[PDB]
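**Q** Provided herewith: coords.txt, compact mmCIF, C-alpha atoms.
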# COMPACT_ATOMS: atom_id res chain seq x y z
CA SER A 1 65.41 19.53 233.49
CA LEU A 2 66.59 18.51 230.03
CA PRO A 3 64.43 17.24 227.15
CA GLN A 4 65.30 13.73 226.01
CA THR A 5 62.58 13.18 223.41
CA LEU A 6 60.33 15.54 221.47
CA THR A 7 57.22 14.54 219.53
CA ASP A 8 55.48 16.43 216.75
CA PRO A 9 51.70 16.39 216.29
CA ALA A 10 52.18 13.98 213.38
CA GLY A 11 54.01 11.55 215.69
CA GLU A 12 57.54 12.02 214.36
CA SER A 13 60.07 12.20 217.17
CA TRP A 14 63.37 13.97 217.81
CA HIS A 15 65.93 12.28 220.05
CA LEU A 16 68.71 13.86 222.09
CA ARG A 17 71.43 12.28 224.20
CA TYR A 18 73.59 14.34 226.53
CA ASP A 19 76.99 14.44 228.17
CA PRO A 20 77.14 13.78 231.94
CA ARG A 21 77.74 17.54 232.30
CA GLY A 22 74.50 18.43 230.50
CA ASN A 23 76.13 19.44 227.22
CA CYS A 24 74.45 18.18 224.05
CA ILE A 25 76.57 15.55 222.32
CA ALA A 26 74.28 14.21 219.59
CA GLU A 27 70.90 14.85 217.98
CA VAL A 28 68.80 12.51 215.84
CA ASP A 29 66.03 13.52 213.44
CA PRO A 30 62.99 11.52 212.31
CA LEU A 31 64.80 10.42 209.15
CA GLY A 32 67.61 8.91 211.24
CA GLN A 33 70.31 11.36 210.16
CA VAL A 34 72.57 12.18 213.11
CA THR A 35 74.54 15.23 214.18
CA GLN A 36 77.48 15.23 216.58
CA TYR A 37 78.98 17.93 218.79
CA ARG A 38 82.18 18.18 220.80
CA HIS A 39 82.27 20.51 223.81
CA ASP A 40 85.38 21.99 225.39
CA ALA A 41 86.14 22.17 229.12
CA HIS A 42 84.21 25.42 229.57
CA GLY A 43 81.15 24.19 227.68
CA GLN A 44 81.87 25.87 224.35
CA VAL A 45 81.28 23.92 221.15
CA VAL A 46 84.48 23.39 219.17
CA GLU A 47 83.61 20.78 216.52
CA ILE A 48 80.45 19.98 214.57
CA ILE A 49 80.14 16.77 212.58
CA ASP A 50 77.07 16.72 210.38
CA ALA A 51 75.83 13.91 208.17
CA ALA A 52 78.06 12.69 205.33
CA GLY A 53 81.17 13.36 207.43
CA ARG A 54 81.32 17.14 206.97
CA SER A 55 83.27 18.73 209.83
CA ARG A 56 83.51 22.27 211.17
CA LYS A 57 86.01 23.38 213.81
CA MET A 58 86.30 26.47 215.97
CA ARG A 59 88.59 28.16 218.49
CA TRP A 60 87.26 30.23 221.36
CA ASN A 61 88.63 33.07 223.46
CA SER A 62 89.09 33.01 227.22
CA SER A 63 86.35 35.64 227.58
CA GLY A 64 83.81 33.68 225.55
CA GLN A 65 84.52 35.20 222.15
CA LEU A 66 84.98 33.37 218.87
CA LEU A 67 88.34 33.70 217.13
CA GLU A 68 88.65 31.23 214.23
CA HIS A 69 85.95 29.42 212.24
CA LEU A 70 86.58 26.81 209.56
CA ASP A 71 84.24 25.37 206.95
CA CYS A 72 84.13 21.83 205.57
CA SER A 73 87.44 22.61 203.87
CA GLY A 74 90.46 24.46 205.22
CA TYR A 75 89.10 27.98 204.64
CA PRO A 76 89.34 30.01 207.86
CA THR A 77 87.75 33.27 208.92
CA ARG A 78 89.35 35.04 211.88
CA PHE A 79 88.31 37.75 214.33
CA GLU A 80 90.16 40.37 216.38
CA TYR A 81 88.85 42.04 219.52
CA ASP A 82 89.58 45.36 221.23
CA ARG A 83 90.22 46.08 224.91
CA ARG A 84 86.59 46.85 225.70
CA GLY A 85 85.65 43.52 224.11
CA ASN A 86 84.15 44.60 220.78
CA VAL A 87 84.78 43.22 217.30
CA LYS A 88 87.64 45.37 216.05
CA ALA A 89 88.29 43.53 212.79
CA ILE A 90 87.27 40.56 210.65
CA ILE A 91 89.54 38.62 208.29
CA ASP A 92 88.26 36.48 205.43
CA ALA A 93 89.86 33.53 203.64
CA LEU A 94 91.57 35.67 200.99
CA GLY A 95 93.02 37.92 203.70
CA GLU A 96 90.92 41.05 203.23
CA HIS A 97 90.48 43.08 206.42
CA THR A 98 87.41 45.00 207.59
CA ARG A 99 87.82 47.43 210.48
CA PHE A 100 85.37 48.98 212.93
CA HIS A 101 85.72 51.91 215.32
CA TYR A 102 83.31 52.09 218.25
CA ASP A 103 82.53 54.55 221.02
CA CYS A 104 83.30 54.23 224.72
CA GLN A 105 79.75 52.92 225.21
CA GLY A 106 80.10 50.48 222.31
CA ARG A 107 77.92 52.41 219.88
CA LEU A 108 79.22 51.98 216.35
CA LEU A 109 80.68 55.04 214.63
CA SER A 110 82.53 53.93 211.51
CA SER A 111 83.07 50.88 209.36
CA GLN A 112 85.90 50.63 206.89
CA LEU A 113 87.17 48.32 204.17
CA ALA A 114 90.54 47.40 202.70
CA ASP A 115 89.93 49.25 199.43
CA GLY A 116 89.60 52.43 201.54
CA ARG A 117 85.86 53.10 201.45
CA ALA A 118 84.25 54.01 204.75
CA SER B 1 103.70 96.87 188.68
CA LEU B 2 106.44 95.00 190.52
CA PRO B 3 108.57 96.31 193.42
CA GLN B 4 112.28 96.45 192.66
CA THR B 5 113.55 98.07 195.87
CA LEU B 6 112.07 98.44 199.34
CA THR B 7 113.35 100.79 202.04
CA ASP B 8 112.78 100.59 205.78
CA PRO B 9 112.39 103.70 207.96
CA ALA B 10 115.95 103.14 209.20
CA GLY B 11 117.23 103.28 205.61
CA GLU B 12 118.07 99.61 205.13
CA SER B 13 116.98 98.36 201.72
CA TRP B 14 115.72 95.11 200.25
CA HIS B 15 116.51 94.33 196.62
CA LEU B 16 114.64 92.08 194.20
CA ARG B 17 115.44 91.08 190.64
CA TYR B 18 112.91 89.30 188.46
CA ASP B 19 112.60 86.91 185.53
CA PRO B 20 111.38 88.37 182.22
CA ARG B 21 108.08 86.60 182.97
CA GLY B 22 107.63 88.41 186.30
CA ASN B 23 108.62 85.47 188.49
CA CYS B 24 110.95 86.26 191.39
CA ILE B 25 114.40 84.79 190.81
CA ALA B 26 116.49 86.28 193.63
CA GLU B 27 116.14 88.37 196.78
CA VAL B 28 118.83 90.28 198.68
CA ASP B 29 118.66 91.44 202.29
CA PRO B 30 120.41 94.39 203.96
CA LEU B 31 123.19 92.11 205.22
CA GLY B 32 123.95 91.00 201.66
CA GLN B 33 122.82 87.39 202.08
CA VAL B 34 121.08 86.19 198.92
CA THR B 35 118.27 83.76 198.20
CA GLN B 36 117.60 82.08 194.85
CA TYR B 37 114.47 80.59 193.31
CA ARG B 38 113.83 78.46 190.24
CA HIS B 39 110.39 78.60 188.62
CA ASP B 40 108.88 75.94 186.38
CA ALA B 41 107.06 76.54 183.09
CA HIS B 42 103.72 77.16 184.83
CA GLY B 43 105.17 79.57 187.37
CA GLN B 44 105.46 77.15 190.29
CA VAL B 45 108.58 77.24 192.44
CA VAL B 46 110.54 73.99 192.29
CA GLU B 47 113.91 74.75 193.90
CA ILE B 48 115.00 77.07 196.71
CA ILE B 49 118.67 77.81 197.31
CA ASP B 50 119.26 79.68 200.54
CA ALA B 51 122.53 81.00 201.91
CA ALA B 52 125.33 78.53 202.67
CA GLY B 53 124.26 76.36 199.72
CA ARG B 54 121.27 74.66 201.36
CA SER B 55 118.84 73.43 198.69
CA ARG B 56 115.19 72.39 198.76
CA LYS B 57 113.39 70.77 195.84
CA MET B 58 109.74 70.14 195.06
CA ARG B 59 107.46 68.45 192.54
CA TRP B 60 104.07 69.85 191.62
CA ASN B 61 100.85 68.37 190.28
CA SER B 62 99.16 69.34 187.03
CA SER B 63 96.26 70.85 189.00
CA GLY B 64 98.50 73.03 191.16
CA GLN B 65 98.96 70.65 194.08
CA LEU B 66 102.20 69.76 195.83
CA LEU B 67 103.32 66.14 195.72
CA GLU B 68 106.90 65.76 197.01
CA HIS B 69 108.95 68.03 199.26
CA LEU B 70 112.60 67.51 200.18
CA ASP B 71 114.70 69.11 202.89
CA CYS B 72 118.39 70.03 202.79
CA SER B 73 119.10 66.29 202.82
CA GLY B 74 117.37 63.49 200.94
CA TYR B 75 114.40 63.16 203.31
CA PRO B 76 111.14 63.35 201.34
CA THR B 77 107.55 63.88 202.41
CA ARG B 78 104.87 62.91 199.90
CA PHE B 79 101.19 63.67 199.41
CA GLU B 80 98.26 61.85 197.80
CA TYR B 81 95.08 63.47 196.52
CA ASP B 82 91.53 62.22 195.97
CA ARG B 83 89.24 62.71 192.98
CA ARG B 84 87.58 65.83 194.37
CA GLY B 85 91.05 67.30 194.92
CA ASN B 86 91.48 67.01 198.69
CA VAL B 87 94.46 65.74 200.68
CA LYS B 88 93.70 62.05 201.07
CA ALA B 89 96.97 61.01 202.70
CA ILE B 90 100.37 62.22 203.86
CA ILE B 91 103.57 60.15 203.96
CA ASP B 92 106.58 61.02 206.10
CA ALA B 93 110.24 60.10 205.71
CA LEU B 94 109.98 56.90 207.76
CA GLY B 95 106.98 55.79 205.69
CA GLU B 96 104.16 56.27 208.20
CA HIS B 97 100.80 57.03 206.58
CA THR B 98 98.07 59.38 207.81
CA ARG B 99 94.65 59.15 206.17
CA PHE B 100 91.72 61.55 205.94
CA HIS B 101 88.11 61.02 204.90
CA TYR B 102 86.13 64.06 203.78
CA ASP B 103 82.54 64.81 202.81
CA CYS B 104 81.16 65.59 199.37
CA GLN B 105 81.45 69.29 200.23
CA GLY B 106 85.01 68.86 201.51
CA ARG B 107 84.15 69.15 205.20
CA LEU B 108 86.45 66.94 207.24
CA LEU B 109 84.90 63.95 209.00
CA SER B 110 87.67 61.66 210.20
CA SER B 111 91.43 61.57 210.58
CA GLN B 112 93.31 58.34 211.09
CA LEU B 113 96.83 57.14 211.84
CA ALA B 114 98.90 54.06 211.06
CA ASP B 115 98.78 52.74 214.62
CA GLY B 116 94.98 52.60 214.22
CA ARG B 117 93.82 55.53 216.35
CA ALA B 118 91.17 57.75 214.80
Write out the structure in this file as structure tokens.

**A**
Amino acid sequence: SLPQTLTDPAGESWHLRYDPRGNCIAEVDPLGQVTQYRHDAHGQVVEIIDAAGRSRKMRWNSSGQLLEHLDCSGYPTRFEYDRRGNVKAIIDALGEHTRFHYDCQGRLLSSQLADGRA
Amino acid sequence: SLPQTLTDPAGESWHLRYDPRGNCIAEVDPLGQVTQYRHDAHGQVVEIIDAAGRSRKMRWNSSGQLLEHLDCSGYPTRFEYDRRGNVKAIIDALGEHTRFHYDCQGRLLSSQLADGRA
């Protein structure tokens, strides 16, 4: 039960073609501009190719949690996770760190920056 | 109104001799063991010489706040103060940092270690 074609009231149509496993591989808009996706073994998207050749890449964690994201250029943002599975820290391109401290139930308590403000 | 000599009920006596400014310079116990102090311009103790030649040195802040303390050997512990005048951080000999975050009224909110626990 997957949609192959969608039609707007004006008549313009959106086209989708899938992988044999059901994962979306490409989408096409009314203007003809295409978008491409690559899916990993576990069904998690790892590369996006938009029009004009722009490419984004990603790395995923074994528990289904994003680790590294890259933009059109080589400018990564990275993530770090705690034992309970929450977002402990976030690292930007320049290397600045932002830290978070949660509760046992996951309820946020404090947020903190590199400059020291909290 | 400064005490020069003190006597216990048993008869043993403690002797003190002062600086012309009133600052304690030396103390003598019943056993004869002496203790020496050096006072800075503003009346803050900077060096303690106990018996057997053991020496401790200190540096003070312009607002009356301790900065560096040294033991008999060259093993310093340092302090760092915030704008409101509270103890922001403490540094041990090995270099481990402990951080504190206060309120506007000075009431403590969080304490944090180098390993990340809070």

**Q** Both chains have the same sequence, so superpose chain A on chain B over all Cα atoms paired in order and return it as a PDB file with C-alpha atoms, in the coordinates of the input.

**A**
ATOM      1  CA  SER A   1     103.700  96.873 188.687  1.00  0.00           C
ATOM      2  CA  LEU A   2     106.448  95.007 190.522  1.00  0.00           C
ATOM      3  CA  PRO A   3     108.566  96.307 193.420  1.00  0.00           C
ATOM      4  CA  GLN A   4     112.279  96.451 192.665  1.00  0.00           C
ATOM      5  CA  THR A   5     113.548  98.066 195.866  1.00  0.00           C
ATOM      6  CA  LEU A   6     112.078  98.437 199.344  1.00  0.00           C
ATOM      7  CA  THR A   7     113.348 100.788 202.045  1.00  0.00           C
ATOM      8  CA  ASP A   8     112.774 100.596 205.782  1.00  0.00           C
ATOM      9  CA  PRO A   9     112.391 103.694 207.964  1.00  0.00           C
ATOM     10  CA  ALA A  10     115.949 103.137 209.204  1.00  0.00           C
ATOM     11  CA  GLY A  11     117.229 103.284 205.609  1.00  0.00           C
ATOM     12  CA  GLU A  12     118.066  99.606 205.132  1.00  0.00           C
ATOM     13  CA  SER A  13     116.981  98.366 201.724  1.00  0.00           C
ATOM     14  CA  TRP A  14     115.710  95.106 200.244  1.00  0.00           C
ATOM     15  CA  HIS A  15     116.512  94.327 196.614  1.00  0.00           C
ATOM     16  CA  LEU A  16     114.639  92.082 194.198  1.00  0.00           C
ATOM     17  CA  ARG A  17     115.436  91.079 190.634  1.00  0.00           C
ATOM     18  CA  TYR A  18     112.906  89.291 188.456  1.00  0.00           C
ATOM     19  CA  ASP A  19     112.603  86.918 185.535  1.00  0.00           C
ATOM     20  CA  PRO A  20     111.373  88.372 182.212  1.00  0.00           C
ATOM     21  CA  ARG A  21     108.071  86.597 182.969  1.00  0.00           C
ATOM     22  CA  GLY A  22     107.628  88.411 186.292  1.00  0.00           C
ATOM     23  CA  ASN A  23     108.622  85.473 188.486  1.00  0.00           C
ATOM     24  CA  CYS A  24     110.952  86.254 191.388  1.00  0.00           C
ATOM     25  CA  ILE A  25     114.406  84.790 190.813  1.00  0.00           C
ATOM     26  CA  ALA A  26     116.489  86.281 193.629  1.00  0.00           C
ATOM     27  CA  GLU A  27     116.146  88.375 196.779  1.00  0.00           C
ATOM     28  CA  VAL A  28     118.835  90.282 198.676  1.00  0.00           C
ATOM     29  CA  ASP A  29     118.659  91.435 202.294  1.00  0.00           C
ATOM     30  CA  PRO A  30     120.409  94.382 203.959  1.00  0.00           C
ATOM     31  CA  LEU A  31     123.187  92.111 205.221  1.00  0.00           C
ATOM     32  CA  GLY A  32     123.949  90.998 201.654  1.00  0.00           C
ATOM     33  CA  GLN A  33     122.824  87.391 202.081  1.00  0.00           C
ATOM     34  CA  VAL A  34     121.076  86.196 198.919  1.00  0.00           C
ATOM     35  CA  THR A  35     118.272  83.758 198.193  1.00  0.00           C
ATOM     36  CA  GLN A  36     117.610  82.087 194.851  1.00  0.00           C
ATOM     37  CA  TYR A  37     114.476  80.587 193.316  1.00  0.00           C
ATOM     38  CA  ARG A  38     113.831  78.461 190.249  1.00  0.00           C
ATOM     39  CA  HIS A  39     110.390  78.593 188.624  1.00  0.00           C
ATOM     40  CA  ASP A  40     108.882  75.938 186.382  1.00  0.00           C
ATOM     41  CA  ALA A  41     107.053  76.544 183.094  1.00  0.00           C
ATOM     42  CA  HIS A  42     103.717  77.161 184.821  1.00  0.00           C
ATOM     43  CA  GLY A  43     105.169  79.572 187.376  1.00  0.00           C
ATOM     44  CA  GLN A  44     105.458  77.150 190.289  1.00  0.00           C
ATOM     45  CA  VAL A  45     108.580  77.239 192.442  1.00  0.00           C
ATOM     46  CA  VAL A  46     110.534  73.983 192.290  1.00  0.00           C
ATOM     47  CA  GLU A  47     113.909  74.752 193.904  1.00  0.00           C
ATOM     48  CA  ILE A  48     115.004  77.068 196.709  1.00  0.00           C
ATOM     49  CA  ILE A  49     118.671  77.812 197.311  1.00  0.00           C
ATOM     50  CA  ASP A  50     119.258  79.685 200.539  1.00  0.00           C
ATOM     51  CA  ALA A  51     122.530  81.002 201.909  1.00  0.00           C
ATOM     52  CA  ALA A  52     125.328  78.529 202.669  1.00  0.00           C
ATOM     53  CA  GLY A  53     124.263  76.357 199.723  1.00  0.00           C
ATOM     54  CA  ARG A  54     121.265  74.669 201.360  1.00  0.00           C
ATOM     55  CA  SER A  55     118.846  73.424 198.693  1.00  0.00           C
ATOM     56  CA  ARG A  56     115.199  72.387 198.762  1.00  0.00           C
ATOM     57  CA  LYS A  57     113.392  70.768 195.835  1.00  0.00           C
ATOM     58  CA  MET A  58     109.743  70.146 195.063  1.00  0.00           C
ATOM     59  CA  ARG A  59     107.461  68.451 192.539  1.00  0.00           C
ATOM     60  CA  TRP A  60     104.071  69.849 191.621  1.00  0.00           C
ATOM     61  CA  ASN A  61     100.848  68.370 190.287  1.00  0.00           C
ATOM     62  CA  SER A  62      99.160  69.334 187.035  1.00  0.00           C
ATOM     63  CA  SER A  63      96.263  70.844 189.006  1.00  0.00           C
ATOM     64  CA  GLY A  64      98.498  73.027 191.163  1.00  0.00           C
ATOM     65  CA  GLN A  65      98.956  70.648 194.079  1.00  0.00           C
ATOM     66  CA  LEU A  66     102.192  69.763 195.831  1.00  0.00           C
ATOM     67  CA  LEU A  67     103.318  66.137 195.715  1.00  0.00           C
ATOM     68  CA  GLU A  68     106.894  65.753 197.008  1.00  0.00           C
ATOM     69  CA  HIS A  69     108.953  68.032 199.264  1.00  0.00           C
ATOM     70  CA  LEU A  70     112.597  67.502 200.177  1.00  0.00           C
ATOM     71  CA  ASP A  71     114.700  69.116 202.885  1.00  0.00           C
ATOM     72  CA  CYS A  72     118.389  70.027 202.786  1.00  0.00           C
ATOM     73  CA  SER A  73     119.100  66.292 202.822  1.00  0.00           C
ATOM     74  CA  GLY A  74     117.370  63.496 200.938  1.00  0.00           C
ATOM     75  CA  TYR A  75     114.397  63.158 203.309  1.00  0.00           C
ATOM     76  CA  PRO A  76     111.137  63.347 201.338  1.00  0.00           C
ATOM     77  CA  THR A  77     107.556  63.885 202.416  1.00  0.00           C
ATOM     78  CA  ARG A  78     104.876  62.910 199.902  1.00  0.00           C
ATOM     79  CA  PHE A  79     101.188  63.673 199.407  1.00  0.00           C
ATOM     80  CA  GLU A  80      98.259  61.846 197.802  1.00  0.00           C
ATOM     81  CA  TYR A  81      95.086  63.470 196.517  1.00  0.00           C
ATOM     82  CA  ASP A  82      91.531  62.225 195.974  1.00  0.00           C
ATOM     83  CA  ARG A  83      89.242  62.717 192.976  1.00  0.00           C
ATOM     84  CA  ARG A  84      87.585  65.831 194.373  1.00  0.00           C
ATOM     85  CA  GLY A  85      91.054  67.303 194.918  1.00  0.00           C
ATOM     86  CA  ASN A  86      91.482  67.009 198.691  1.00  0.00           C
ATOM     87  CA  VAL A  87      94.457  65.740 200.680  1.00  0.00           C
ATOM     88  CA  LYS A  88      93.698  62.046 201.060  1.00  0.00           C
ATOM     89  CA  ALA A  89      96.964  61.009 202.701  1.00  0.00           C
ATOM     90  CA  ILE A  90     100.377  62.221 203.852  1.00  0.00           C
ATOM     91  CA  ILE A  91     103.568  60.149 203.953  1.00  0.00           C
ATOM     92  CA  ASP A  92     106.572  61.022 206.101  1.00  0.00           C
ATOM     93  CA  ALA A  93     110.242  60.101 205.712  1.00  0.00           C
ATOM     94  CA  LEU A  94     109.974  56.901 207.765  1.00  0.00           C
ATOM     95  CA  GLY A  95     106.977  55.788 205.694  1.00  0.00           C
ATOM     96  CA  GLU A  96     104.161  56.269 208.197  1.00  0.00           C
ATOM     97  CA  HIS A  97     100.801  57.031 206.578  1.00  0.00           C
ATOM     98  CA  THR A  98      98.067  59.374 207.808  1.00  0.00           C
ATOM     99  CA  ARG A  99      94.652  59.152 206.161  1.00  0.00           C
ATOM    100  CA  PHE A 100      91.722  61.554 205.936  1.00  0.00           C
ATOM    101  CA  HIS A 101      88.109  61.021 204.894  1.00  0.00           C
ATOM    102  CA  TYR A 102      86.130  64.066 203.780  1.00  0.00           C
ATOM    103  CA  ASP A 103      82.546  64.812 202.814  1.00  0.00           C
ATOM    104  CA  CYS A 104      81.163  65.583 199.368  1.00  0.00           C
ATOM    105  CA  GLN A 105      81.451  69.290 200.228  1.00  0.00           C
ATOM    106  CA  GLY A 106      85.007  68.859 201.513  1.00  0.00           C
ATOM    107  CA  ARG A 107      84.155  69.155 205.196  1.00  0.00           C
ATOM    108  CA  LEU A 108      86.451  66.943 207.239  1.00  0.00           C
ATOM    109  CA  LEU A 109      84.901  63.949 208.995  1.00  0.00           C
ATOM    110  CA  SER A 110      87.676  61.661 210.203  1.00  0.00           C
ATOM    111  CA  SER A 111      91.426  61.559 210.579  1.00  0.00           C
ATOM    112  CA  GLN A 112      93.314  58.344 211.097  1.00  0.00           C
ATOM    113  CA  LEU A 113      96.828  57.139 211.839  1.00  0.00           C
ATOM    114  CA  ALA A 114      98.899  54.063 211.059  1.00  0.00           C
ATOM    115  CA  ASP A 115      98.787  52.742 214.627  1.00  0.00           C
ATOM    116  CA  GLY A 116      94.980  52.601 214.227  1.00  0.00           C
ATOM    117  CA  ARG A 117      93.815  55.533 216.346  1.00  0.00           C
ATOM    118  CA  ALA A 118      91.166  57.752 214.807  1.00  0.00           C
TER     119      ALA A 118
END

**Q** Pick from B:1, B:63, B:35, B:111: nearest to residue 84 of chain B, with all atoms listed in the file counted?

**A**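 Answer, going by the shortest atom-to-atom distance: B:63.
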
**Q** Using all atoms listed in the file, find which residues of chain A lie within 10 Å of chain B and jot them down as number ranges by chain.

**A** A: 99, 101, 110, 116-118

**Q** Counting all atoms listed in the file, figure out which residue out of A:85, A:60, A:5, A:47 gets nearest to residue 72 of chain A.

**A**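 Once distances to residue 72 of chain A are computed over all atoms listed in the file, the minimum belongs to A:47.
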
**Q** Just to confirm, what's the straight-line distance from atom CA of residue 95 of chain B to atom CA of residue 78 of chain B in Å (one decimal)?

**A**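 Calculated distance between atom CA of residue 95 of chain B and atom CA of residue 78 of chain B is 9.4 Å.
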
**Q** Restricting the calculation to only C-alpha atoms: of A:108, A:45, A:28, A:2, which residue gets closest to residue 88 of chain A?

**A**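 Of all the options, A:108 lies closest to residue 88 of chain A.
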
**Q** Tell me, in Å to one decimal, how far atom CA of residue 16 of chain B is from atom CA of residue 3 of chain B.

**A**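 Atom-to-atom, atom CA of residue 16 of chain B and atom CA of residue 3 of chain B are spaced 7.4 Å apart.
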
**Q** Between atom CA of residue 62 of chain B and atom CA of residue 89 of chain B, what is the distance in Å, rounded to a tenth?

**A**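 Rounded to one decimal, the two atoms are 17.9 Å apart.
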
**Q** Here is a test: counting only C-alpha atoms, which residue of A:67, A:86, A:97, A:30 is nearest to residue 6 of chain A?

**A**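 Among A:67, A:86, A:97, A:30, it is A:30 that comes nearest to residue 6 of chain A.
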
**Q** Of the residues A:31, A:66, A:10, A:58, which is the one nearest to residue 80 of chain A, using all atoms listed in the file?

**A**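 Under the stated criterion, the closest residue is A:66.
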
**Q** Just want the 9 Å neighbourhood of segment 51-53 of chain A, counted on only C-alpha atoms, with same-chain residues fewer than 5 positions away dropped. Output as a CSV table (one decimal) with C-alpha atoms, in the frame of the given file.

**A**
chain,number,residue,atom,x,y,z
A,33,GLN,CA,70.3,11.4,210.2
A,34,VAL,CA,72.6,12.2,213.1
A,35,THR,CA,74.5,15.2,214.2
A,36,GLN,CA,77.5,15.2,216.6

**Q** List the spatial neighbours of residue 20 of chain A as a list in words - criterion: any atom at most 12 Å away, only C-alpha atoms, same-chain residues fewer than 2 positions off excluded.

**A**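 So the residues in contact are residues 2, 17, 18, 22, 23, 24, 25, 39 and 43 of chain A.
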